[PDB]
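Novice: Here it is, the structure in full.
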Protein chains: 2
Amino acid sequence: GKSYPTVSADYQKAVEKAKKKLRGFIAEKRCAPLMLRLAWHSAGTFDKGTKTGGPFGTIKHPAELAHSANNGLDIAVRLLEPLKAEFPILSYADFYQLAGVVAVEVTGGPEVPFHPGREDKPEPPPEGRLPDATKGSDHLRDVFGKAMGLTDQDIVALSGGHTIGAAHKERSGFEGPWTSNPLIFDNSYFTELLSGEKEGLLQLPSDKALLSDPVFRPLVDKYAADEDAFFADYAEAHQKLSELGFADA
Amino acid sequence: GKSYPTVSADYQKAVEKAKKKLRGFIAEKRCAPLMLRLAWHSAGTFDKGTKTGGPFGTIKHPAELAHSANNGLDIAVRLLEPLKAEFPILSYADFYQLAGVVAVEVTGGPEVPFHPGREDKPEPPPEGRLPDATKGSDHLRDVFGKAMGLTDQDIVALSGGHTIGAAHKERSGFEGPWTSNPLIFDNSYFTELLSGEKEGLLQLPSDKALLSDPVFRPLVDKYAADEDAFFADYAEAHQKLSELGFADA
Ligand code: HEM
Ligand code: HEM
Ligand SMILES: [K+]
Ligand SMILES: [K+]
């Protein structure tokens with residue numbers, strides 16, 4: 001049900017130019033997984049019932065950066081500031097979601113559609129809305145479903161964002177990559193999830209919860225078997241995520 | 001703009017009977033100021049914009065009791081549990097606001113009108129909405145005005161609740177009573193505020209802020225000069241406070 005705001009031609013020019021510079025920067029710095037995380041944690045605080053939180057620029061605020069769920073994302077914010085300063089017309093809100101869309105594209109994933117127009121809001125949401133890696137399916141539906149308003153299908157496909165990147169013991173406490181090729185966006189997260197625990201590879205309890213839920217497990221199976229299906233469902237879910245509370249939510 | 005819900009006759013019987021038992025209990029235990037504080041801190045978390053928080057029973061939850069603003073109110077909650085258990089039909093939400101109305105009446109203050117029907121909600125609001133004693137007039141309008149939706153007049157009159165009770169260094173860190181007769185509800189809070197700092201009596205920076213604001217100071221002056229006016233404005237404000245988010249807000 002989205003109705004995206006009109007933005008000036010100069011604004012659209014800056015988007016296009018920012019998108020290209022983000023590709024080169026993110027590729028050079030090898031920081032696509034951290035930028036995807038930055039985009040997700042920005043959006044993932046949306047609560048449909050109160051219409052608070054969401055991808056509106058607040059993650060750069062030191063008070064939101066201090067949320068323990070956000071450990072290490074100050075690095076992300078810092079890395080992007082010089083480039084953002086080249087695009088003063090853009091909202092931080094738009095800039096961070098664009099970086100997430102680009103992070104996915106330059107690691108070889110699907111092209112997530114992007115619509116500009118998000119405004120930078122003044123107040124960060126309360127801490128505690130992002131998911132707890134130590135919990136399971138009920139918790140996941142509470143956060144993605146009851147708060148953000150995404151579907152069970154969205155939960156599984158977005159979990160596949162872990163196909164890139166790694167945990168760090170000094171940030172969450174968990175450690176290592178989910179896949180053997182953590183700078184490559186593919187369906188390997190699901191393939192590893194199905195094969196058991198491979199030495200050196202990470203599985204959060206929240207990942208494992210997908211294997212035991214009667215709705216989530218068919219989806220893991222479909223994605224492990226069909227990367228195209230994964231990419232389609234991923235692109236849908238990431239667009240919805242990136243637009244929570246925006247242009248009608 | 002209130003439209004109060006219908007409640008059963010058995011519910012109204014329990015209100016009337018609870019009101020009388022609360023008088024005797026609160027008088028015997030000399031805990032009227034702590035019960036007023038309990039009622040206020042229950043209500044004072046309302047945010048009109050999101051319609052979250054407010055006098056809906058959540059302060060008895062250990063997670064809300066743990067808010068540092070609420071230090072010492074677990075005592076209040078404990079004191080009331082035996083009596084509440086005599087009125088299982090009543091919501092905790094109604095019971096705590098009734099105790100606040102009674103606390104004011106048995107110390108000799110105005111009769112604040114009371115309407116039953118508040119429901120006990122499952123989730124406590126985020127911490128941090130209650131006012132900071134170390135701040136001033138802007139802060140007060142942010143909390144009472146922008147969040148709760150009360151008037152500048154309401155802020156000054158409700159500040160007069162400090163005419164009963166005292167701070168404790170092991171609860172907020174501040175210490176002592178605002179008045180020489182802290183179990184007597186009268187306009188003495190304003191009279192002391194005007195006379196300067198009397199030895200042994202407390203003034204928070206938030207109290208003092210009332211003296212320097214061009215809207216609040218006329219009100220302090222009116223109340224110090226006219227206790228009847230104070231009681232009228234107090235009764236209005238406390239009813240509005242006790243009904244935030246309830247029966248239309
Ligand atoms: C489903 C529930 C989720 C939980 C419990 C969760 C939890 C975690 C944890 C604990 C970390 C490691 C942080 C560290 O120590 O560095 C992590 C990292 C990561 N998360 Fe998730 N996450 C979830 C969903 C998501 C979603 C929906 C996305 C985006 C589509 C995502 C993208 C990532 C990425 C890319 C990393 C790697 C970061 C890096 O390499 O530095 N995650 N998550
Ligand atoms: C206006 C901003 C307010 C601030 C900054 C504030 C702050 C404080 C503080 C710091 C304490 C002492 C807590 C302790 O250490 O025990 C206190 C106590 C108290 N507050 Fe206020 N308060 C405010 C408004 C209110 C309102 C609106 C009411 C109710 C009408 C109220 C009723 C009381 C009462 C009765 C006590 C005495 C409690 C006792 O004797 O144990 N206050 N407040
Ligand atoms: K991978
Ligand atoms: K007094």
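Residues in the structure tokens are named by chain (A, B, ... in the order shown) and by number from 1 within that chain; ligands are numbered from 1 in the order shown.
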Report as a PyMOL selection string all protein, DNA and RNA residues lying within 9 Å of stretch 84-97 of chain A, evaluated on only C-alpha atoms, omitting residues in the same chain fewer than 3 positions from it.
Specialist: chain A and resi 10-11+14-15+17-19+35-36+38-40+42-43+55-60+77+80-81+100-102+114-121+242-243
Novice: Define the interface residues of chain B facing chain A as those within 8 Å, counting only C-alpha atoms, and report them as JSON, numbers by chain.
Specialist: {"B": [50, 51, 126]}
Novice: Please dump the current selection as a JSON list (two decimals), in the first residue's frame; keep N, CA, C and O atoms.
Specialist:
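As written to disk, again.json reads:
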[["chain", "number", "residue", "atom", "x", "y", "z"],
["B", 50, "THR", "N", 1.48, 8.64, 20.82],
["B", 50, "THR", "CA", 1.43, 7.21, 20.53],
["B", 50, "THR", "C", 0.35, 6.50, 21.35],
["B", 50, "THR", "O", 0.11, 5.32, 21.11],
["B", 51, "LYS", "N", -0.28, 7.20, 22.28],
["B", 51, "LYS", "CA", -1.30, 6.59, 23.14],
["B", 51, "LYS", "C", -0.76, 5.43, 23.95],
["B", 51, "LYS", "O", -1.48, 4.45, 24.22],
["B", 126, "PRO", "N", 8.17, 2.34, 27.82],
["B", 126, "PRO", "CA", 9.62, 2.48, 28.03],
["B", 126, "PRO", "C", 9.92, 3.41, 29.20],
["B", 126, "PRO", "O", 9.20, 4.34, 29.55]]
Novice: Is it possible to get the superposed chain A, fitted on chain B over all Cα pairs by sequence order, as an mmCIF file with C-alpha atoms, in the first residue's frame?
Specialist:
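Contents of part03.cif, freshly written:
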data_model
loop_
_atom_site.group_PDB
_atom_site.id
_atom_site.type_symbol
_atom_site.label_atom_id
_atom_site.label_comp_id
_atom_site.auth_asym_id
_atom_site.auth_seq_id
_atom_site.Cartn_x
_atom_site.Cartn_y
_atom_site.Cartn_z
ATOM 1 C CA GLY A 1 -13.662 14.985 25.979
ATOM 2 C CA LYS A 2 -14.298 11.988 28.198
ATOM 3 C CA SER A 3 -16.742 9.193 27.690
ATOM 4 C CA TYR A 4 -16.483 6.838 30.624
ATOM 5 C CA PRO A 5 -17.194 3.152 30.158
ATOM 6 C CA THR A 6 -20.154 1.455 31.773
ATOM 7 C CA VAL A 7 -19.242 -0.872 34.614
ATOM 8 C CA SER A 8 -21.460 -3.382 36.430
ATOM 9 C CA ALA A 9 -23.222 -2.549 39.655
ATOM 10 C CA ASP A 10 -21.025 -5.125 41.423
ATOM 11 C CA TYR A 11 -18.025 -3.213 40.105
ATOM 12 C CA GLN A 12 -19.364 0.076 41.495
ATOM 13 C CA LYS A 13 -20.091 -1.555 44.853
ATOM 14 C CA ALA A 14 -16.438 -2.690 45.074
ATOM 15 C CA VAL A 15 -15.206 0.823 44.246
ATOM 16 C CA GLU A 16 -17.227 2.338 47.053
ATOM 17 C CA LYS A 17 -16.102 -0.311 49.523
ATOM 18 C CA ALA A 18 -12.464 -0.139 48.375
ATOM 19 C CA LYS A 19 -12.549 3.644 48.764
ATOM 20 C CA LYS A 20 -13.550 3.388 52.447
ATOM 21 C CA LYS A 21 -10.996 0.640 53.220
ATOM 22 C CA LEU A 22 -8.262 2.666 51.469
ATOM 23 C CA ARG A 23 -9.073 5.641 53.700
ATOM 24 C CA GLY A 24 -8.579 3.641 56.900
ATOM 25 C CA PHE A 25 -5.504 1.757 55.653
ATOM 26 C CA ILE A 26 -3.729 4.848 54.272
ATOM 27 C CA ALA A 27 -4.527 6.870 57.403
ATOM 28 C CA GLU A 28 -3.319 4.036 59.642
ATOM 29 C CA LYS A 29 -0.087 3.488 57.753
ATOM 30 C CA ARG A 30 0.663 7.197 57.292
ATOM 31 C CA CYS A 31 1.552 6.416 53.672
ATOM 32 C CA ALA A 32 -0.593 8.928 51.818
ATOM 33 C CA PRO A 33 2.366 10.715 50.162
ATOM 34 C CA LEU A 34 3.811 7.436 48.900
ATOM 35 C CA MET A 35 0.426 6.369 47.530
ATOM 36 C CA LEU A 36 -0.011 9.735 45.728
ATOM 37 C CA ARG A 37 3.435 9.228 44.212
ATOM 38 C CA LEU A 38 2.373 5.708 43.159
ATOM 39 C CA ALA A 39 -0.730 7.038 41.398
ATOM 40 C CA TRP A 40 1.187 9.881 39.686
ATOM 41 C CA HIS A 41 4.036 7.678 38.483
ATOM 42 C CA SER A 42 1.430 5.284 37.123
ATOM 43 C CA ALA A 43 -0.302 7.979 35.105
ATOM 44 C CA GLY A 44 2.665 10.191 34.269
ATOM 45 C CA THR A 45 4.103 7.904 31.603
ATOM 46 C CA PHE A 46 1.328 8.690 29.126
ATOM 47 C CA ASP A 47 2.357 9.839 25.677
ATOM 48 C CA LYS A 48 -0.577 11.318 23.767
ATOM 49 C CA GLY A 49 1.032 10.996 20.349
ATOM 50 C CA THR A 50 1.429 7.207 20.529
ATOM 51 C CA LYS A 51 -1.303 6.590 23.141
ATOM 52 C CA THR A 52 1.131 4.449 25.154
ATOM 53 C CA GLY A 53 1.768 4.395 28.924
ATOM 54 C CA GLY A 54 -0.670 5.852 31.418
ATOM 55 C CA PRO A 55 -2.666 4.651 34.451
ATOM 56 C CA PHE A 56 -3.315 1.070 33.309
ATOM 57 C CA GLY A 57 -1.905 -1.058 36.049
ATOM 58 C CA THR A 58 1.631 -1.560 34.700
ATOM 59 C CA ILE A 59 3.530 -0.015 37.638
ATOM 60 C CA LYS A 60 3.120 -3.233 39.642
ATOM 61 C CA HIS A 61 5.212 -5.057 36.999
ATOM 62 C CA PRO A 62 8.768 -5.639 38.305
ATOM 63 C CA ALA A 63 10.136 -4.248 34.993
ATOM 64 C CA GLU A 64 8.377 -0.900 35.575
ATOM 65 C CA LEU A 65 9.148 -0.893 39.310
ATOM 66 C CA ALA A 66 12.788 -1.152 38.311
ATOM 67 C CA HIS A 67 12.718 2.249 36.579
ATOM 68 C CA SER A 68 15.008 4.400 38.680
ATOM 69 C CA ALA A 69 12.345 7.115 38.812
ATOM 70 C CA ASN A 70 10.248 4.530 40.636
ATOM 71 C CA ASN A 71 12.725 3.818 43.479
ATOM 72 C CA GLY A 72 10.787 2.969 46.639
ATOM 73 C CA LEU A 73 7.408 2.434 44.939
ATOM 74 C CA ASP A 74 7.749 -1.363 45.304
ATOM 75 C CA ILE A 75 7.041 -0.640 48.976
ATOM 76 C CA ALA A 76 3.784 1.048 47.943
ATOM 77 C CA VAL A 77 2.770 -1.851 45.712
ATOM 78 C CA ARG A 78 3.507 -4.354 48.465
ATOM 79 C CA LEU A 79 1.552 -2.405 51.092
ATOM 80 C CA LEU A 80 -1.542 -2.453 48.859
ATOM 81 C CA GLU A 81 -1.543 -6.061 47.755
ATOM 82 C CA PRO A 82 -3.440 -7.556 50.721
ATOM 83 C CA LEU A 83 -6.127 -4.919 50.365
ATOM 84 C CA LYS A 84 -6.360 -5.266 46.585
ATOM 85 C CA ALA A 85 -6.861 -8.981 47.047
ATOM 86 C CA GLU A 86 -10.054 -8.147 48.873
ATOM 87 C CA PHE A 87 -11.312 -6.579 45.638
ATOM 88 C CA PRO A 88 -10.561 -9.081 42.879
ATOM 89 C CA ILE A 89 -13.184 -7.523 40.575
ATOM 90 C CA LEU A 90 -11.297 -4.213 40.438
ATOM 91 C CA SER A 91 -8.481 -3.517 37.916
ATOM 92 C CA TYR A 92 -5.112 -2.682 39.448
ATOM 93 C CA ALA A 93 -5.298 0.356 37.196
ATOM 94 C CA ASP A 94 -8.453 1.635 38.952
ATOM 95 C CA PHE A 95 -7.232 0.554 42.417
ATOM 96 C CA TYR A 96 -3.980 2.555 42.248
ATOM 97 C CA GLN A 97 -5.691 5.679 40.935
ATOM 98 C CA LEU A 98 -8.334 5.347 43.667
ATOM 99 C CA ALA A 99 -5.581 5.112 46.287
ATOM 100 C CA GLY A 100 -4.138 8.366 44.920
ATOM 101 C CA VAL A 101 -7.546 10.102 45.114
ATOM 102 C CA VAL A 102 -7.963 8.830 48.673
ATOM 103 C CA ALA A 103 -4.421 9.831 49.684
ATOM 104 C CA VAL A 104 -5.294 13.413 48.801
ATOM 105 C CA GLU A 105 -8.668 13.317 50.579
ATOM 106 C CA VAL A 106 -7.470 11.819 53.855
ATOM 107 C CA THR A 107 -4.706 14.377 54.251
ATOM 108 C CA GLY A 108 -7.367 17.055 53.995
ATOM 109 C CA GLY A 109 -7.249 17.937 50.318
ATOM 110 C CA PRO A 110 -9.957 18.385 47.702
ATOM 111 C CA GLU A 111 -12.257 15.536 46.609
ATOM 112 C CA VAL A 112 -10.968 14.549 43.184
ATOM 113 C CA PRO A 113 -13.766 13.034 41.069
ATOM 114 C CA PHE A 114 -13.237 9.328 40.241
ATOM 115 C CA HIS A 115 -14.637 7.272 37.354
ATOM 116 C CA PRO A 116 -13.971 3.502 37.176
ATOM 117 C CA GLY A 117 -13.300 1.395 34.080
ATOM 118 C CA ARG A 118 -9.541 1.509 33.396
ATOM 119 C CA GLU A 119 -8.193 -1.767 32.041
ATOM 120 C CA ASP A 120 -4.964 -3.416 33.132
ATOM 121 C CA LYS A 121 -2.618 -3.424 30.098
ATOM 122 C CA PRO A 122 0.064 -6.041 29.520
ATOM 123 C CA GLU A 123 3.041 -3.881 28.549
ATOM 124 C CA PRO A 124 4.797 -1.234 30.617
ATOM 125 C CA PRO A 125 5.920 1.845 28.665
ATOM 126 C CA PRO A 126 9.616 2.478 28.032
ATOM 127 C CA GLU A 127 11.540 3.999 30.901
ATOM 128 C CA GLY A 128 12.482 7.664 30.936
ATOM 129 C CA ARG A 129 9.215 9.570 30.553
ATOM 130 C CA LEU A 130 8.926 10.797 34.132
ATOM 131 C CA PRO A 131 10.346 14.241 34.924
ATOM 132 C CA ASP A 132 13.931 14.925 35.951
ATOM 133 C CA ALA A 133 14.120 16.872 39.179
ATOM 134 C CA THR A 134 17.339 18.573 38.081
ATOM 135 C CA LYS A 135 15.839 20.248 35.043
ATOM 136 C CA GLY A 136 13.640 23.301 34.515
ATOM 137 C CA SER A 137 10.604 24.817 32.805
ATOM 138 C CA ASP A 138 11.339 23.636 29.253
ATOM 139 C CA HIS A 139 11.716 20.081 30.437
ATOM 140 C CA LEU A 140 8.509 20.294 32.458
ATOM 141 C CA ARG A 141 6.532 21.430 29.409
ATOM 142 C CA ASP A 142 8.044 18.641 27.322
ATOM 143 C CA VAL A 143 6.891 16.012 29.781
ATOM 144 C CA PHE A 144 3.554 17.365 31.024
ATOM 145 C CA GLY A 145 2.694 19.183 27.814
ATOM 146 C CA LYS A 146 4.124 17.448 24.758
ATOM 147 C CA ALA A 147 3.930 13.929 26.152
ATOM 148 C CA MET A 148 1.018 13.819 28.595
ATOM 149 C CA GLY A 149 -1.046 16.686 27.129
ATOM 150 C CA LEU A 150 -1.674 18.676 30.343
ATOM 151 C CA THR A 151 -1.689 22.482 30.654
ATOM 152 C CA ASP A 152 0.792 24.961 32.110
ATOM 153 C CA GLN A 153 -1.826 25.489 34.820
ATOM 154 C CA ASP A 154 -1.896 21.744 35.443
ATOM 155 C CA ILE A 155 1.897 21.641 35.847
ATOM 156 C CA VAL A 156 1.957 24.183 38.658
ATOM 157 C CA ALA A 157 -1.053 22.861 40.525
ATOM 158 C CA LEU A 158 0.198 19.239 40.333
ATOM 159 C CA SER A 159 3.617 20.365 41.532
ATOM 160 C CA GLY A 160 1.732 21.212 44.736
ATOM 161 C CA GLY A 161 1.399 17.482 45.427
ATOM 162 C CA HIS A 162 4.803 18.013 47.065
ATOM 163 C CA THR A 163 2.876 19.725 49.897
ATOM 164 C CA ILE A 164 2.759 16.212 51.308
ATOM 165 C CA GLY A 165 5.667 13.854 51.718
ATOM 166 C CA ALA A 166 9.437 14.002 51.485
ATOM 167 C CA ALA A 167 12.412 12.881 49.438
ATOM 168 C CA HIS A 168 14.750 10.147 50.632
ATOM 169 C CA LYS A 169 18.461 9.951 49.873
ATOM 170 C CA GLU A 170 18.223 6.201 49.316
ATOM 171 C CA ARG A 171 15.397 6.634 46.810
ATOM 172 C CA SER A 172 15.973 9.710 44.579
ATOM 173 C CA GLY A 173 19.007 11.051 46.436
ATOM 174 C CA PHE A 174 17.220 14.220 47.533
ATOM 175 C CA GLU A 175 16.215 14.333 51.212
ATOM 176 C CA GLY A 176 13.464 15.759 53.430
ATOM 177 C CA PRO A 177 9.979 17.282 53.259
ATOM 178 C CA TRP A 178 8.917 20.343 51.304
ATOM 179 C CA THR A 179 6.714 21.581 54.169
ATOM 180 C CA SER A 180 6.556 21.761 57.936
ATOM 181 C CA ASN A 181 3.346 19.677 57.877
ATOM 182 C CA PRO A 182 3.996 16.931 55.317
ATOM 183 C CA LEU A 183 0.937 14.849 56.153
ATOM 184 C CA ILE A 184 -1.365 17.830 55.665
ATOM 185 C CA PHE A 185 -2.586 18.673 52.129
ATOM 186 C CA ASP A 186 -2.516 22.519 51.978
ATOM 187 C CA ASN A 187 -0.943 25.371 49.950
ATOM 188 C CA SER A 188 2.205 25.357 52.090
ATOM 189 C CA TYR A 189 4.325 24.085 49.216
ATOM 190 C CA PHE A 190 3.758 27.404 47.420
ATOM 191 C CA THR A 191 4.198 29.473 50.547
ATOM 192 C CA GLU A 192 7.609 27.918 51.276
ATOM 193 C CA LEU A 193 8.600 28.211 47.624
ATOM 194 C CA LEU A 194 7.974 31.950 47.812
ATOM 195 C CA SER A 195 9.693 32.584 51.167
ATOM 196 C CA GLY A 196 13.097 31.285 50.194
ATOM 197 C CA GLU A 197 14.951 28.287 51.521
ATOM 198 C CA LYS A 198 13.802 27.540 55.074
ATOM 199 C CA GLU A 199 16.267 25.444 57.056
ATOM 200 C CA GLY A 200 15.432 21.747 56.826
ATOM 201 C CA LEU A 201 12.904 22.090 53.991
ATOM 202 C CA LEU A 202 13.451 20.793 50.429
ATOM 203 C CA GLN A 203 13.316 22.565 47.100
ATOM 204 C CA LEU A 204 14.109 20.569 43.952
ATOM 205 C CA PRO A 205 15.505 22.501 41.003
ATOM 206 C CA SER A 206 12.239 21.546 39.219
ATOM 207 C CA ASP A 207 10.268 23.315 42.009
ATOM 208 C CA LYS A 208 12.402 26.405 41.765
ATOM 209 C CA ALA A 209 11.863 26.541 37.971
ATOM 210 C CA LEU A 210 8.296 27.473 38.718
ATOM 211 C CA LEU A 211 9.463 30.724 40.281
ATOM 212 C CA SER A 212 11.382 31.920 37.194
ATOM 213 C CA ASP A 213 8.898 31.091 34.414
ATOM 214 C CA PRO A 214 6.625 33.928 33.293
ATOM 215 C CA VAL A 215 3.536 31.670 33.071
ATOM 216 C CA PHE A 216 4.204 29.508 36.093
ATOM 217 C CA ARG A 217 5.052 32.324 38.528
ATOM 218 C CA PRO A 218 1.584 34.040 38.507
ATOM 219 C CA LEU A 219 0.141 30.632 39.372
ATOM 220 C CA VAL A 220 2.491 30.023 42.302
ATOM 221 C CA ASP A 221 1.490 33.484 43.544
ATOM 222 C CA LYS A 222 -2.246 32.813 43.159
ATOM 223 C CA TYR A 223 -1.959 29.491 44.979
ATOM 224 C CA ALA A 224 0.175 30.917 47.801
ATOM 225 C CA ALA A 225 -2.411 33.601 48.311
ATOM 226 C CA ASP A 226 -5.585 31.537 47.785
ATOM 227 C CA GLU A 227 -5.777 27.918 49.016
ATOM 228 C CA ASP A 228 -9.285 27.512 47.625
ATOM 229 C CA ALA A 229 -8.030 28.375 44.168
ATOM 230 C CA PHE A 230 -5.230 25.911 44.659
ATOM 231 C CA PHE A 231 -7.684 23.159 45.651
ATOM 232 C CA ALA A 232 -9.918 23.827 42.625
ATOM 233 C CA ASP A 233 -7.013 23.789 40.167
ATOM 234 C CA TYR A 234 -5.425 20.796 41.906
ATOM 235 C CA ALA A 235 -8.656 18.721 41.697
ATOM 236 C CA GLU A 236 -9.017 19.512 38.001
ATOM 237 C CA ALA A 237 -5.429 18.578 37.220
ATOM 238 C CA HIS A 238 -5.347 15.377 39.255
ATOM 239 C CA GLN A 239 -8.555 14.137 37.601
ATOM 240 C CA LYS A 240 -7.042 14.821 34.159
ATOM 241 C CA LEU A 241 -3.799 13.140 35.188
ATOM 242 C CA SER A 242 -5.636 10.067 36.595
ATOM 243 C CA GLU A 243 -7.578 9.757 33.325
ATOM 244 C CA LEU A 244 -4.845 10.100 30.726
ATOM 245 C CA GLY A 245 -5.405 7.728 27.826
ATOM 246 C CA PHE A 246 -8.656 6.677 29.505
ATOM 247 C CA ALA A 247 -12.248 7.211 28.300
ATOM 248 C CA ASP A 248 -10.737 9.197 25.395
ATOM 249 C CA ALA A 249 -7.154 10.395 25.381
#
Novice: For the alpha helix (DSSP H) assignment from backbone DSSP, which residues of stretch 14-104 of chain B qualify? Please present them as a ChimeraX atom specification.
Specialist: /B:14-29,32-43,62-65,73-85,92-104
Novice: Those same residues - C-alpha atoms - I'd like them written as a PDB file, in the first residue's frame.
Specialist:
ATOM      1  CA  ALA B  14     -16.438  -2.690  45.074  1.00  0.00           C
ATOM      2  CA  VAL B  15     -15.206   0.823  44.246  1.00  0.00           C
ATOM      3  CA  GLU B  16     -17.227   2.338  47.053  1.00  0.00           C
ATOM      4  CA  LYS B  17     -16.102  -0.311  49.523  1.00  0.00           C
ATOM      5  CA  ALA B  18     -12.464  -0.139  48.375  1.00  0.00           C
ATOM      6  CA  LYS B  19     -12.549   3.644  48.764  1.00  0.00           C
ATOM      7  CA  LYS B  20     -13.550   3.388  52.447  1.00  0.00           C
ATOM      8  CA  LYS B  21     -10.996   0.640  53.220  1.00  0.00           C
ATOM      9  CA  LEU B  22      -8.262   2.666  51.469  1.00  0.00           C
ATOM     10  CA  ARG B  23      -9.073   5.641  53.700  1.00  0.00           C
ATOM     11  CA  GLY B  24      -8.579   3.641  56.900  1.00  0.00           C
ATOM     12  CA  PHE B  25      -5.504   1.757  55.653  1.00  0.00           C
ATOM     13  CA  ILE B  26      -3.729   4.848  54.272  1.00  0.00           C
ATOM     14  CA  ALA B  27      -4.527   6.870  57.403  1.00  0.00           C
ATOM     15  CA  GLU B  28      -3.319   4.036  59.642  1.00  0.00           C
ATOM     16  CA  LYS B  29      -0.087   3.488  57.753  1.00  0.00           C
ATOM     17  CA  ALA B  32      -0.593   8.928  51.818  1.00  0.00           C
ATOM     18  CA  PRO B  33       2.366  10.715  50.162  1.00  0.00           C
ATOM     19  CA  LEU B  34       3.811   7.436  48.900  1.00  0.00           C
ATOM     20  CA  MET B  35       0.426   6.369  47.530  1.00  0.00           C
ATOM     21  CA  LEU B  36      -0.011   9.735  45.728  1.00  0.00           C
ATOM     22  CA  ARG B  37       3.435   9.228  44.212  1.00  0.00           C
ATOM     23  CA  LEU B  38       2.373   5.708  43.159  1.00  0.00           C
ATOM     24  CA  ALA B  39      -0.730   7.038  41.398  1.00  0.00           C
ATOM     25  CA  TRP B  40       1.187   9.881  39.686  1.00  0.00           C
ATOM     26  CA  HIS B  41       4.036   7.678  38.483  1.00  0.00           C
ATOM     27  CA  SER B  42       1.430   5.284  37.123  1.00  0.00           C
ATOM     28  CA  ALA B  43      -0.302   7.979  35.105  1.00  0.00           C
ATOM     29  CA  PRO B  62       8.768  -5.639  38.305  1.00  0.00           C
ATOM     30  CA  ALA B  63      10.136  -4.248  34.993  1.00  0.00           C
ATOM     31  CA  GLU B  64       8.377  -0.900  35.575  1.00  0.00           C
ATOM     32  CA  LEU B  65       9.148  -0.893  39.310  1.00  0.00           C
ATOM     33  CA  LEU B  73       7.408   2.434  44.939  1.00  0.00           C
ATOM     34  CA  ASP B  74       7.749  -1.363  45.304  1.00  0.00           C
ATOM     35  CA  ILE B  75       7.041  -0.640  48.976  1.00  0.00           C
ATOM     36  CA  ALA B  76       3.784   1.048  47.943  1.00  0.00           C
ATOM     37  CA  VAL B  77       2.770  -1.851  45.712  1.00  0.00           C
ATOM     38  CA  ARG B  78       3.507  -4.354  48.465  1.00  0.00           C
ATOM     39  CA  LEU B  79       1.552  -2.405  51.092  1.00  0.00           C
ATOM     40  CA  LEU B  80      -1.542  -2.453  48.859  1.00  0.00           C
ATOM     41  CA  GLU B  81      -1.543  -6.061  47.755  1.00  0.00           C
ATOM     42  CA  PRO B  82      -3.440  -7.556  50.721  1.00  0.00           C
ATOM     43  CA  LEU B  83      -6.127  -4.919  50.365  1.00  0.00           C
ATOM     44  CA  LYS B  84      -6.360  -5.266  46.585  1.00  0.00           C
ATOM     45  CA  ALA B  85      -6.861  -8.981  47.047  1.00  0.00           C
ATOM     46  CA  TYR B  92      -5.112  -2.682  39.448  1.00  0.00           C
ATOM     47  CA  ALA B  93      -5.298   0.356  37.196  1.00  0.00           C
ATOM     48  CA  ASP B  94      -8.453   1.635  38.952  1.00  0.00           C
ATOM     49  CA  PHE B  95      -7.232   0.554  42.417  1.00  0.00           C
ATOM     50  CA  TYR B  96      -3.980   2.555  42.248  1.00  0.00           C
ATOM     51  CA  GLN B  97      -5.691   5.679  40.935  1.00  0.00           C
ATOM     52  CA  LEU B  98      -8.334   5.347  43.667  1.00  0.00           C
ATOM     53  CA  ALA B  99      -5.581   5.112  46.287  1.00  0.00           C
ATOM     54  CA  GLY B 100      -4.138   8.366  44.920  1.00  0.00           C
ATOM     55  CA  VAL B 101      -7.546  10.102  45.114  1.00  0.00           C
ATOM     56  CA  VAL B 102      -7.963   8.830  48.673  1.00  0.00           C
ATOM     57  CA  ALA B 103      -4.421   9.831  49.684  1.00  0.00           C
ATOM     58  CA  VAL B 104      -5.294  13.413  48.801  1.00  0.00           C
TER      59      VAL B 104
END
Novice: Select from stretch 80-208 of chain A everything DSSP, run on the backbone, classes as strand (DSSP E or B), then give the selection as a list in words.
Specialist: residues 166, 167, 176 and 177 of chain A
Novice: Deliver the residues from the most recent selection as a file, using C-alpha atoms, as an mmCIF file, in the first residue's frame.
Specialist:
data_model
loop_
_atom_site.group_PDB
_atom_site.id
_atom_site.type_symbol
_atom_site.label_atom_id
_atom_site.label_comp_id
_atom_site.auth_asym_id
_atom_site.auth_seq_id
_atom_site.Cartn_x
_atom_site.Cartn_y
_atom_site.Cartn_z
ATOM 1 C CA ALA A 166 30.182 -12.823 10.477
ATOM 2 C CA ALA A 167 29.678 -12.342 14.193
ATOM 3 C CA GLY A 176 32.569 -16.242 12.863
ATOM 4 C CA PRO A 177 30.809 -16.406 9.491
#
